[PDB]
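> coords please:
(chains A and B)
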Amino acid sequence: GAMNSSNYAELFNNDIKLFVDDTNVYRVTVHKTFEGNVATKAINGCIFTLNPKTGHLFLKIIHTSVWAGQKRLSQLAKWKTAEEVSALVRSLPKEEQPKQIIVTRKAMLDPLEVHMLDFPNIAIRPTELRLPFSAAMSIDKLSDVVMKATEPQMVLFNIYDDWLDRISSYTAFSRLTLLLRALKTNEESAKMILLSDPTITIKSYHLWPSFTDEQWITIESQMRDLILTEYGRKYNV
Amino acid sequence: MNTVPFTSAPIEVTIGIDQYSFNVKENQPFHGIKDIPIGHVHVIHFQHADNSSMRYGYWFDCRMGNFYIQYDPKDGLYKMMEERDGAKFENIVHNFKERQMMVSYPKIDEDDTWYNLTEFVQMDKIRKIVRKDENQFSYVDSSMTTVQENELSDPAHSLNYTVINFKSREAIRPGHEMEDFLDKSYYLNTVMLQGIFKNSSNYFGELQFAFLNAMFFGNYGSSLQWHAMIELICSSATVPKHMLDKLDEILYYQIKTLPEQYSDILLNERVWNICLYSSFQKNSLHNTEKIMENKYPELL
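Residues are numbered from 1 along each chain as shown, chains lettered A, B, ... in the order given. See below for the structure:
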């Protein structure tokens, strides 16, 4: 059934599973036409497919050419997501195929179930968790490869950098969800917190800065403060 | 005009014949039903006064043999049987008729209700859904599960309705996932009509039989099948015009006949709202939409 606060540890067991987030697949800017009507212009998007145990991220870049001459694009975006996730599963060796796919949005269930009919033993699950994976495009290196793409492309990352050398996958996921929740709530403030000390850099092969264990505690505290402030503002509480 | 004689009525029972019903008292001198119209299937159905659980009954066609009802005190039900001796049977019926111990099938001349509910229903198709090849008539009851319900446990007592599943490889061509899921025309027209049913008449016959089992026995699996066969047509963008016109007539008479008090359990809100207001065929079922809006506006 649904993945929730109750069954959260299941994310870090030894059963291969992927989160799929389709938020950033179909992206547009809304603008005025010469005649004063409104139109959209698509920009490149991405499917965010993440192994929460290992940090392996399958970033399938969705090039605007996909949408050319298609109707009902927000509907099509879900089916295109399910087509590409199905294609990714088929591309993996059997021993690397997921046992479960957790979709962040309930509207992905039917599209993914129908594309995965050939895999009756892979469970397609919704979640009650309100995960901040929409903010993936606030990670500068992910945003940069998506915008630069001139054709459909799959790019592989580890979203945890080298963190699993020092921390468990539970702690790594918690740090990732905190960073993304801060980036989602106040991007400018979160990015200021992450880059404020010029001496801490991002390795060429990494997404996030090279914080010591003590610096990560300071950073995580700054992200928590950012999130609660913004919350008091949002709700006047 | 054919007759189904009864040996006796030893237990108090409500007896149904098609859309009609009669209360019979324990040991009331009741000996059957005469003047049954030839040319249609019929159903004779029972609900005991002491156990209003298990409605049960028999589908039959008097053209196929001489049938009678006899109570079995061991199995505790009214059973249909075939009399193979024509002269014994004619003599039984003639005697009971002379003593006027038979009710008359109470058909109004103007009234095409039964024809309209059974237009495509054939005994030979019923006998493939309800498998008991040694009898020419078919037993159905409230509790019998469908092959589809069983997949998801006694195979010999199942309703072998055609399995319809919108999220199945049968329903979805590899490479046409979105197209086939959002527009079920290939599943309706190639897989079901051309492939399995062979023609719209056999499809409608099964749809009408499922409805009648839902209505007369409260058979839940039958109600599921009736709605699935409606949804498969309404969810297809491409349906022959004769089929849509015929479906509107079929459903109109089904909704007209349904007891007003059973709309809550026998009608699926999602399917009817989707079929009448959202589907490709939202504007193709004028008669059905008008009777549903006047008879069951709460459901909608």
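> and chain A, which residues reach chain B?
When proximity is defined by Cβ under 8 Å from any Cβ of the partner chain, chain A lies next to chain B at A:75-76, A:79, A:82-83, A:110-111, A:113-115, A:117-118. (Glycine included, C-beta is placed from N, CA and C.)
> Return the list of strands paired to the one helix or strand residue B:15 maps to, each annotated with direction.
In the assignment (DSSP states H and E), residue B:15 maps to strand B:13-17. Taking DSSP bridges as the criterion, strand B:13-17 forms sheet pairs with strand B:20-24 (antiparallel), strand B:42-48 (antiparallel).
> Would you mind finding the most buried of those strands?
Mean neighbour count, computed with mean count of other Cβ atoms under 10 Å in any protein chain shown, is highest for strand B:42-48 among these, reaching a mean of 21.
> Work out the gap between it and the centre of the chain.
Computed by Cα atoms, centre = their mean, to the nearest Å, the chain-centroid distance of strand B:42-48 equals 12 Å.
> ok, now stretch A:112-125?
On Cα atoms, centre = their mean, the centre of stretch A:112-125 falls 21 Å from the chain's centre.
> Just the strands from the chain, written as ranges.
The chain I'm using is chain A. Along chain A, the segments classed as strands by DSSP state E run A:17-21, A:27-32, A:38-43, A:45-50, A:56-62, A:100-103, A:123-125, A:153-158.
> not quite, I wanted chain B
Under DSSP E, chain B gives strands at B:2-5, B:13-17, B:20-24, B:32-36, B:42-48, B:56-60, B:66-72, B:77-83, B:103-104, B:138-141.
> In CSV: these, plus distance to residue B:116.
Shown next, in CSV, are the strands of chain B (distance: least, Cβ to Cβ, whole Å):
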stretch, distance to residue B:116
strand B:2-5, 21
strand B:13-17, 17
strand B:20-24, 15
strand B:32-36, 17
strand B:42-48, 15
strand B:56-60, 17
strand B:66-72, 24
strand B:77-83, 25
strand B:103-104, 21
strand B:138-141, 21
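> Quickly compare those and say which is most buried.
Counting by mean count of other Cβ under 10 Å, the most buried of the strands of chain B turns out to be strand B:56-60, with a mean of 23.
> Hey, what's the angle from it to strand B:32-36? Just curious.
40 degrees (axes from the mean of the first three to the mean of the last three Cα atoms, to 10 degrees).
> Show me what residue of the stretch 101-250 of chain B gets nearest to chain A.
Chain A sits closest to residue B:178 of the stretch 101-250 of chain B, with a gap of 3.9 Å, by Cβ to the nearest Cβ.
> tell me, how many neighbours does residue 214 end up with?
No chain specified, so I'll use chain A. 8 (other Cβ atoms under 10 Å in any protein chain shown).
> Can you look at chain B instead?
24.
> What lies in contact with the lengthiest helix in chain A?
Criterion DSSP state H: the longest helix present in chain A is helix A:213-235. Under the criterion Cβ atoms under 8 Å, 6 or more residues apart in numbering or on different chains, residues A:166, A:175, A:178-179, A:181-182, A:185-186, A:189-190, A:193-194, A:200, A:211, A:237 lie in contact with helix A:213-235.
> at 7 Å instead, please
A:166, A:175, A:178-179, A:181-182, A:185-186, A:189-190, A:193, A:200, A:211 (Cβ atoms under 7 Å, 6 or more residues apart in numbering or on different chains).
> Stretch B:6-17 too?
Here stretch B:6-17 has contacts from B:21-28, B:30-33, B:42, B:44-50, B:57, B:68-71, B:78, B:105, B:216, using Cβ under 7 Å, 6+ apart.
> For it, measure first residue to last.
13 Å (Cα to Cα, to the nearest Å).
> Could you break chain A into its assigned domains?
Each domain of chain A is listed here as a residue range: A:9-163, A:164-237, per CATH domains of a matching chain.
> of all those domains, which gets the most neighbours per residue?
domain A:9-163 (a mean of 17).
> Span of that domain from start to end?
18 Å.
> how near is residue A:209 to residue A:163?
12 Å (Cβ to Cβ, to the nearest Å).
> hang on, the earlier thing: what is the distance between the longest helix of chain A and the centre of its chain?
That offset, for helix A:213-235, works out to 20 Å (Cα atoms, centre = their mean).
> show me the contacts for residue B:213.
Residue B:213 neighbours (Cβ under 7 Å, 6+ apart): B:140, B:219, B:222.
> how near is the closest residue to residue A:64 other than its chain neighbours to chain B?
In space, and not counting its chain neighbours, residue A:64 is closest to residue A:42: 4.4 Å by Cβ to Cβ, 6 or more residues apart in numbering or on different chains. Counting by Cβ to the nearest Cβ, to the nearest Å, the separation of residue A:42 from chain B is 18 Å.
> can you list the residues that contact stretch A:25-38?
Residues contacting stretch A:25-38 (Cβ under 7 Å, 6+ apart): A:39-43, A:45, A:47, A:62, A:73-74, A:77, A:80-81.
> same thing with stretch A:191-198?
By Cβ under 7 Å, 6+ apart, the list of residues contacting stretch A:191-198 reads A:209, A:219, A:222-223, A:226.
> Residue numbers of chain B in contact with chain A?
B:167, B:169, B:172, B:177-178, B:181 (Cβ under 7 Å from any Cβ of the partner chain).
> Go ahead and build a PyMOL selection from the buried members of these.
Listed next is the PyMOL selection for buried residues among those, using 16 or more other Cβ atoms under 10 Å in any protein chain shown:
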select buried, chain B and resi 172+177+178+181
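> With distance to residue B:296 as added columns, please give the residues of chain B next to chain A in CSV.
As requested, these are arranged in CSV below (distance: Cβ to Cβ, whole Å):
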residue, distance to residue B:296
B:167, 28
B:169, 36
B:172, 33
B:177, 35
B:178, 33
B:181, 29
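> residue boundaries of the helices in chain A?
A:73-91, A:109-115, A:140-148, A:169-185, A:187-195, A:213-235.
> Output these as a markdown table; include the columns distance to residue A:28.
Shown next, in a markdown table, are the helices of chain A (distance: least, Cβ to Cβ, whole Å):
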| stretch | distance to residue A:28 |
| --- | --- |
| helix A:73-91 | 8 |
| helix A:109-115 | 20 |
| helix A:140-148 | 14 |
| helix A:169-185 | 19 |
| helix A:187-195 | 19 |
| helix A:213-235 | 25 |
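> Between those helices, which one is closest to residue A:6.
With Cβ to Cβ as the measure, helix A:169-185 is the member of those nearest residue A:6 (15.2 Å).
> neighbouring contacts of that closest one?
Here helix A:169-185 has contacts from A:11-12, A:52-53, A:55, A:131-135, A:138, A:159-160, A:163-164, A:190, A:220, A:223, A:226-227, A:230, using Cβ under 7 Å, 6+ apart.
> And for stretch A:105-122?
Stretch A:105-122 has contacts (Cβ under 7 Å, 6+ apart) with A:20, A:22, A:78-79, A:81-83, A:85-86, A:89, A:98-101, A:103, A:124, A:126, B:167, B:169, B:172, B:177, B:181.
> if we can go back for a sec, look up which residues are beta-bridged to the residue nearest to residue A:64.
residue A:28.
> sorry, back to before: which pair in the contacts of stretch A:191-198 spans the largest distance?
Farthest pair in these, by Cβ to Cβ: A:209 and A:226, 16.1 Å.
> I appreciate the help and will end here.
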